[PDB]
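# Summary of structural features
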Amino acid sequence: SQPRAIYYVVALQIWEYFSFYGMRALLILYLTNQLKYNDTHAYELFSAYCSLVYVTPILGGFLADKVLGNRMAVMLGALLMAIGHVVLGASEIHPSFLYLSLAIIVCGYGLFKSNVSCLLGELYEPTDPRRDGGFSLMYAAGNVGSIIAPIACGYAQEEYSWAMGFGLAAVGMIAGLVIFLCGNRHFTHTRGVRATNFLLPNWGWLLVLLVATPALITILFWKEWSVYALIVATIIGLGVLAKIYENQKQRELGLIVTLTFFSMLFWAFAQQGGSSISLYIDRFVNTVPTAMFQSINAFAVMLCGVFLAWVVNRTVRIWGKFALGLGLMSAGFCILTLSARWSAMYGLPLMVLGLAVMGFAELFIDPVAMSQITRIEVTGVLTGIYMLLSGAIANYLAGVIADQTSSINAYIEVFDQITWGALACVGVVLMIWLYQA
């Protein structure tokens, strides 16, 4: 019972999410298994990917805020992502096509994330009730594609080849793109730039897309450089946060810093969960295995979300929310660590449980880091810095935790340790807002 363009953006979200998360499902697995790549190199690449995927939407999603509009930069984000996924099928020739494909998709996603959010944002007026139902349709559609994808790319891989899998990701994105580009009625009117800021006609934008691509290619390629470009972006975000420290009297600011810190540690555990458990899985297992477990992440998230919207102070709220998210990440890793050491050491689906509780909490925290940002004291920037630290830094940290994993005894080492550590985060949170009350 919504407008036309909403069904469109919904379908494009389901197919884009399908593609991306199916690929990222196969990513670390493929990377170790048919590569020639050892564990740690694969961890640095995968990490690098996930992390930059969280970085580019800043500069990328802005390209549609200023010169391009939210019509063009989404179809561009989607084209970049499609071609990236396709070149990512041909990756088996040379250590080129890999970083090529990955940079094309980091660029594409870089556009598409914030561009599609702002694009749906440009449809409804500040009257429509159906606005919220459309964004919750974005939630649910995206997450449905999230449970569907790794089982689709999964059953596509092993009974055919990695080719059919990654090309199924590409094909999914292609169908999402066909679905979007078919027709009209979308808006945001991309225009306005005619030639030079400093020598900056279209040549500047060609240069921007092209050159952004190998700037990303060799960063995943050298991968030493990978770590450092974040450190660049990091001194940037921190210097800016520091600038944000206008007067205004009272400023939830530093306690939002507190937020983005605890959510950073959180996402380190969550993403590293994704990769380390992705490899751990096929190596120790008590119909297809492997990459289809990211589907139980997505599915636990959907269960918990369905029950969340089914259920319904800046003190009691944030207290409980963060302490519960952290608490269940920890518990998930306790049940997971005891899944590994019970499956083996003295004799597992309880690992499925561990993941399910990891999603179970994923639900719980970071609406609150995001609610608190929109509610601040401008707003759109704060969530950029947040997405930087929390998204990026936590994905590279996820990568490091992974490095420090790479047998079953080491895996158990890191899982147990991050259970007591996630729990340390919980405790500190509990203490904090208990003392707030």
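Residues numbered from 1 in each chain as written, not as in the entry; some residues may be left out. Heavy atoms only, no water. Residues with missing side-chain atoms left out of burial classes, pairs and counts.

As deposited, the entry is annotated with X-ray crystallography as its determination method and 3.400 Å as its resolution.

## Description of the pattern of salt bridges
Rules: What counts as a salt bridge is simple: a side-chain nitrogen of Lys or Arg found within 4 Å of a carboxyl oxygen of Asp or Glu. Think of it in three bands: with a 1.4 Å probe and only protein chains considered, a residue is buried below 20% of the maximum accessible area for its type, exposed above 50%, and partly exposed in between.
The final tally for this structure, using the stated rule, is four salt bridges. Across the pair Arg283 and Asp39 runs a salt bridge whose closest N-O atoms are separated by 3.0 Å. For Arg283, a relative accessible area of 34% gives the class partly exposed. Its relative accessible area of 12% is what places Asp39 among the buried residues.

## Notes on the side chain of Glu44
For clarity, the threshold we go by: Every helix listed is a DSSP run of H or I at least four residues long, and every strand listed is a run of E at least two residues long, numbered separately from the N terminus. Only four residue types enter the tally: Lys and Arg on the positive side, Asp and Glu on the negative side, with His and both chain ends excluded. Any two residues whose heavy atoms approach within 4.5 Å at even a single point are treated as in contact.
Within the secondary structure layout, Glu44 lies in helix α2 (residues 39-55). Of the side chains with opposite charge, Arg24 comes closest to the buried, unpaired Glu44, at an N-O distance of 14 Å. What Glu44 contacts, discounting residues up to four positions off in sequence, is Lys223, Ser226, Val227 and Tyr396.

## Some remarks on the packing of α2 against helix α10 (residues 253-283)
The criterion, for reference: Angles shown run from 0 to 180 degrees and are taken between the N-to-C directions of axes, each axis being a line fitted to C-alpha atoms and, for helices, limited to the stretch in contact. By definition, turning the near helix anticlockwise from the far helix through less than a right angle yields a left-handed crossing, and turning it clockwise yields a right-handed one. Each residue is assigned to one class: nonpolar for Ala, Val, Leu, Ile, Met, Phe, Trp, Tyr, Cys and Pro, charged for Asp, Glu, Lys and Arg, and polar for all the others, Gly among them.
Where α2 meets α10, the closest approach of the two axes is 10 Å, and the angle between their N-to-C directions is 145°. Taken as a pair, α2 and α10 cross one another with a handedness that is right-handed. In this structure, α2 uses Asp39, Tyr43, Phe46, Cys50 and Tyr54 to contact α10, whose residues at the interface are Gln271, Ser275, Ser276, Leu279 and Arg283. Looking at the contact of α2 with α10 residue by residue, the class counts come to five nonpolar, three polar and two charged.

## A look at the nonpolar core
Applicable threshold: What makes a nonpolar core is a set of buried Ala, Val, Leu, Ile, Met, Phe, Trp, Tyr and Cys residues whose side-chain atoms join them at distances within 4.5 Å.
With 108 residues, the main nonpolar core has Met23, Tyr49, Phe269, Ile277, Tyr280, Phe322 and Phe333 as its most contacted residues. A per-element tally of this core places α10 first, with 15 residues. Apart from the residues within four sequence positions on either side, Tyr49 is in contact with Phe20, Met23, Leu27, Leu102, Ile105, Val106 and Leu220. One finds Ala64, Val67, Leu111 and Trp205 within the second-largest nonpolar core, a separate group that totals seven residues.

## Section: the side chain of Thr290
Summarising the element assignment, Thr290 is placed in the loop between α10 and α11 (294-311). The exposure class assigned to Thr290 is buried, which follows from its relative accessible area of 14%. In contact with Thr290, not counting residues within four places along its chain, are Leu29, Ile281 and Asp282.

## A word on unusual backbone geometry
The phi angle at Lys36 is positive, at roughly 95°, despite the residue not being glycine. Within the element layout of this structure, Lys36 appears in the loop between α1 (4-33) and α2. A positive phi is found at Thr188, a non-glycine position, where the angle reads about 90°. Tracing the backbone through its elements, the reader meets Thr188 in the loop between α7 (162-181) and α8 (202-222).

## Thoughts on the packing of aromatic side chains
The following threshold applies: Stacked, tilted and edge-to-face are the three classes assigned to paired rings of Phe, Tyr and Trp, where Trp is represented by its six-membered ring and a pair needs centres within 6.5 Å; plane angles under 30 degrees give stacked, over 60 edge-to-face, the rest tilted. Ring-over charges, as used throughout, are those where CZ of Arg or NZ of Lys falls within 6 Å of the ring centre and within 35 degrees of the ring normal.
By the definition in use, this model includes 19 aromatic pairs. Taking 5.7 Å as the distance between ring centres and 45° as the angle between the ring planes, the aromatic pair formed by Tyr17 and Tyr21 counts as tilted. Residue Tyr17 and its partner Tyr21 are located together in helix α1, separated by four residues, close to a single helical turn. Taking relative accessible area as the criterion, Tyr21 reaches 28% and is therefore assigned partly exposed. A ring pair is formed by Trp222 and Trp225, whose centres lie 5.3 Å apart and whose planes are at 25°; its orientation type is stacked. The partly exposed category is assigned to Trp225, whose relative accessible area is 43%. Members of the aromatic cluster, joined through ring pairs, are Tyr17, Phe20, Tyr21, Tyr49 and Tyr109. In this structure, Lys321 is placed above the aromatic ring of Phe364, and the distance from its NZ or CZ to the ring centre is 5.7 Å.

## A word on α8
In an α-helix, one turn spans 3.6 residues, which is why side chains three or four residues apart end up on the same side. Which entries qualify depends on this criterion: Here, expected helix span is obtained from the residue count minus one, scaled by 1.5 Å.
For α8, built from 21 residues, the straight-helix expectation of 30 Å at 1.5 Å per residue is met to within 8% by its first-to-last C-alpha distance of 30 Å. Listing the buried residues of α8 in full gives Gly204, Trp205, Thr213, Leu216, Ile217, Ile219 and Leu220. Where α8 is buried, its residues touch α2, α3 (57-66), α5 (97-121) and α9 (224-244). Among the residues trailing α8, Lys223 stands out with phi positive, at a value near 65°.

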